[PDB]
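We just call them A, B, C and D in the order they show up, numbering each chain from 1.
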Amino acid sequence: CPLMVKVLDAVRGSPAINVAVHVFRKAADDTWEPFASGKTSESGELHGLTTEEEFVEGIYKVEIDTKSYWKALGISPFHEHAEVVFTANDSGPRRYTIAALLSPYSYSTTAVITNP
Amino acid sequence: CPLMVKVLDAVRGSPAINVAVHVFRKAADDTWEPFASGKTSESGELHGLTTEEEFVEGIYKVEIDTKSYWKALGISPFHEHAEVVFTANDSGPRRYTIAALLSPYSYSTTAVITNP
Amino acid sequence: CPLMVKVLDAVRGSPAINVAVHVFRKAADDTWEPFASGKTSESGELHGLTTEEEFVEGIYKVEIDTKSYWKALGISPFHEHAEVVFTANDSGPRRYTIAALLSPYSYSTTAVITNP
Amino acid sequence: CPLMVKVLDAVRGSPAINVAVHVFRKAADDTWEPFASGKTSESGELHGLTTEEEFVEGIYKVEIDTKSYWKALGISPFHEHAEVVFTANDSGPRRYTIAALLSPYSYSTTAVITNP
């Protein structure tokens, strides 16, 4: 699993469950080509987005639908979404975890990368 | 000053100076129109982007050029940029500080909103 | 002002007002001696804790009463407090801002240090 | 596993490996009784600190030796350590993950709690 997304909720101290996540790869045209999508599991994790062969070097965008998450909880959110844009695999394929920690008016994101 | 952007460096424990920031506003046709730009000062702050009259209700995008900041320090960071997208002034005029705290493989962002 | 503490609320997108803050300095016998205390203002900031002359080299502890802040809003938060312990002025006098960004089940803290 | 600690490195975008972690429970005397300790694994995780029977309600302190971690990497750190103090199990036993995301001049901590 070369790409995993994990979303956490800092208000409830829990995984952020059922969060929609969309992944895009920048076309050599310079626009965002759809790549994969899913919703986070009960553990806040979204696995199985891509494969080793498909996840080539490039610029990728992960869009996390934070606004829908907070609205479903009845909590006013600040952001329209949380976007993470990064270059992948430029020094060889790696296993990427993109983690996001959500609050209504703030979010954090980190990359945890491991070499298999 | 209804919109201020502040950028901090979590590696050196300092303001992030000379960071380029571009602001866009979503037009009626759903395209992003250039709204304002600038660079952070010695305090990490960017003031004077807009005025009370100009900063109407809308969806705004703040794009912080974090990659150039790290590259100038010799570092190849994870993110291409840090983008913050939000609806502004939906309940009347507010003053917004958009803060970002930067590390090579992570960033946090928060909004501090006050009622004038 | 060589030591300032700033506290922000990530749920409401606002300063965290009226947060109690206690500062201690480690004595020669390794005990924590009370150094200064105060509460955050309407801006989330606590100024005037110490002076250039008093704020000598040492190990300092800043204890932020985050639990009382959340409890007053009806929330039972995860943390009992947020503590920040650091060596100060080891390379000469500096001005320190200790910032904390609060959510019920998470907090972040950073230092912004400038040379007077 | 009722209590797990996970430590991540925001500078390298990786788990924080071999970080020393010490856990204490507040005595009814009001001082910190040693409880468990360990070092983070290659995944940045520390498992097996306690058991369901032993991890009773109480106030617990997790001390993460961040200073030694940064020193071993040759990077100047701000904090003497990162402490997380929390009340556990007051609404019944839960599975707690205490996560910490480390930078040299900043850290974050969150609790991810799941009900089995």
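The criterion applied here is as follows: a contact is a pair of C-beta atoms (placed from the backbone, for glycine too) under 8 Å apart; a residue touches a chain by one contact, two chains touch by 3 or more.
More than half of the contact pairs of A-C, counted by residue number, reappear in one of A-D, B-D or C-D; that pair is B-D.
Annotation: A-B is the more contact-rich of the chain pairs B-C and A-B, by number of C-beta pairs in contact. Taking the mean of the C-alpha atoms as each chain's centre, chain A and chain B sit 21 Å apart. Chain centres here are Cα means. That of chain B falls 33 Å from that of chain D. For this pair, chain B with chain C, the centres built from the Cα atoms lie 25 Å apart. Across the assembly, chain D contributes residues 10, 13-14, 78, 101, 103, 105-106, 108, 110-111, 113 that each touch 2 or more other chains. Only residues 59, 78-81, 83-87, 90, 103, 105-111, 113 of chain A touch chain B when the two sit together in their complex.
Of all residues in chain B, only 8, 10, 13-15, 44, 101, 108, 110-114 touch chain C in the complex they form. Those residues of chain D whose C-beta lies close enough to touch chain B in the complex are 9-14, 78, 101, 103-106, 108.
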